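Below is one structure; the comments refer to it alone.
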Amino acid sequence: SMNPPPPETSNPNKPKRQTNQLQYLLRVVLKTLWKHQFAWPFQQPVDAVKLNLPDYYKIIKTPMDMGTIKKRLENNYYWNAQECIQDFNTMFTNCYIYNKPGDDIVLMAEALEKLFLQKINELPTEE
Ligand SMILES: Oc1ccc(-c2nc(-c3ccc(F)cc3)c(-c3ccncc3)[nH]2)cc1
C-alpha cells in the first residue's frame, strides 16, 4: 500500500547540543557509510510502492534509513550518540527482519554493518 511519511528529522521543541561523538557520527560514520558501494538502498526510506513491496510497512513499524540519520545529525536532533547508533542498528535489523538471510540485499546490509561496527569501535571518548 502507501508509504508512510518519513521519520521526523527536526523538532524545535527538543533541546540541542553538539558533542564530539555526534560530530564523529556525522563527519566520519555517516560520511563513510554513505560512500560505500552498497549504500544506495539505504540512503532513503524504503519506497515500498516503487520497489513493489506492499507488505513492507505491514511488517516494519520502525523504519529508518541513512537519509533520515543524516538529517537528524544535521539538525542536532539527537541528544546523545546512543540515540543515533540505535537508528543505524534499527536500519540493519529492519532489513534482516524483512528479507531472507543470504539475499543479495541482506549481504549488502551485513557488509555495511561490518563497516559501521568498525567505525563505532573507534568512537572517541566523550570529552
Ligand atoms: O529494510 C529494507 C528492506 C528492503 C530493502 C531493499 N530491497 C531492495 C530490492 C530487493 C530485491 C529486488 F529485486 C529489488 C530491490 C532494495 C533496493 C535495491 C536496489 N535499489 C534500490 C533499493 N532495497 C532495503 C531495506
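This chain uses plain numbering: 1 for the first residue, then up along the sequence.
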field: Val49 with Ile60, same ILVMFWY side-chain cluster at under 4.5 Å
entry: no

- line: When rounded to the nearest 0.5 Å, the distance separating CD of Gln82 from CD of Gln21 is 10.0 Å

- request: Supply the atom-to-atom distance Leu115 CG to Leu33 CG, rounded to the nearest 0.5 angstrom.
  value: 5.5 Å

message: Between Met2 and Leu53, is there shared hydrophobic-cluster membership here, with clusters defined by ILVMFWY side-chain heavy atoms closer than 4.5 Å?
response: no

field: Passing option when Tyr98 is tested against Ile105, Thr93, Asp55 for side-chain contact (heavy atoms from CB on, under 4.5 Å)
entry: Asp55

query: Does some side-chain heavy atom of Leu30 sit less than 4.5 Å from a side-chain heavy atom of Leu25?
result: no

- request: Rounded to the nearest 0.5 Å, what's the gap from CD on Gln23 to CG on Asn76? Could you check?
  value: 10.5 Å

- prompt: Under 30°, 30 to 60°, or over 60°: which ring-plane class applies to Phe116 and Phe92, parallel, tilted or perpendicular?
  reply: tilted

field: Check: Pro54 main-chain N/O paired with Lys58 side-chain donor or acceptor under 3.5 Å
entry: no

- prompt: Is it the case that one hydrophobic cluster holds both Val106 and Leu51, taking links as side-chain heavy atoms less than 4.5 Å apart, direct or via other members?
  reply: no

message: Which heavy atom of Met91 sits nearest to which heavy atom of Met64, and what is that distance?
response: CG-O, 3.5 Å

- request: Quick one: do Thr125 and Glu127 satisfy side-chain contact (heavy atoms from CB on, under 4.5 Å)? Show the steps, please.
  value: CA-CA 6 Å; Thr125 73; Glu127 195 84 6; 4.2 Å; yes

message: List the residues meeting salt bridge (charged side-chain N to carboxylate O under 4.0 Å, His left out) with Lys119, not counting sequence neighbours, and say none if there are none.
response: none

field: Crowding at CD, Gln43 (>12 non-hydrogen neighbours, <6.0 Å)
entry: yes

field: Separation of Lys14 NZ from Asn75 CG (nearest 0.5 Å)
entry: 11.0 Å

field: Interatomic spacing from OG1 in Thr68 to CG in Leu73 - rounded to 0.5 Å
entry: 11.0 Å

- prompt: Applying the 4.5 Å side-chain criterion to the ILVMFWY set and letting contacts propagate, would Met66 and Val46 be lumped into a single cluster?
  reply: no

query: Is the shortest heavy-atom distance from the side chain of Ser1 to the side chain of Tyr57 under 4.5 Å?
result: no

- prompt: Are more than 12 heavy atoms from other residues, nucleotides or ligands located less than 6.0 Å from atom NZ of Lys61?
  reply: yes

field: Heavy-atom closest contact (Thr62 atom, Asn94 atom, distance)
entry: O-ND2, 2.7 Å

- prompt: Side-chain heavy atoms under 4.5 angstrom apart, residues restricted to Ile, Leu, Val, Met, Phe, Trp, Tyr: same cluster for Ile59 and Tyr96?
  reply: no

message: Please list all pairs meeting salt bridge (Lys or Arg N to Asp or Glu O under 4.0 Å) that have one or both residues in residues 69-93, counting only residues at least two apart or in different chains.
response: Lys70-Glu74, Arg72-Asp87

- prompt: Taking the side chain as C-beta and beyond, is there a heavy-atom pair between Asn80 and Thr19 under 4.5 Å?
  reply: no

- request: Return the minimal non-hydrogen interatomic distance between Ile69 and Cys84, and the atom names on each side.
  value: CG2-SG, 3.9 Å

statement: Applied to residues 6-42, the ring-ring contact (aromatic ring centres under 6.0 Å, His included) test, sequence neighbours excluded, yields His36-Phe38

Nearest-0.5 Å distance, OH of residue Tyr77 to CG of residue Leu22: 13.5 Å

- prompt: Is the side chain of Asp103 donor-acceptor paired with the backbone N or O of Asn99 at a distance under 3.5 Å, no angle test?
  reply: no

Closest heavy-atom pair and its distance - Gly102, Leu107: O-CD1, 3.7 Å

message: So does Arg27 get a backbone contact from the side chain of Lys31, meaning a donor-acceptor N/O pair under 3.5 Å?
response: yes

- prompt: Taking the side chain as C-beta and beyond, is there a heavy-atom pair between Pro45 and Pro63 under 4.5 Å?
  reply: no

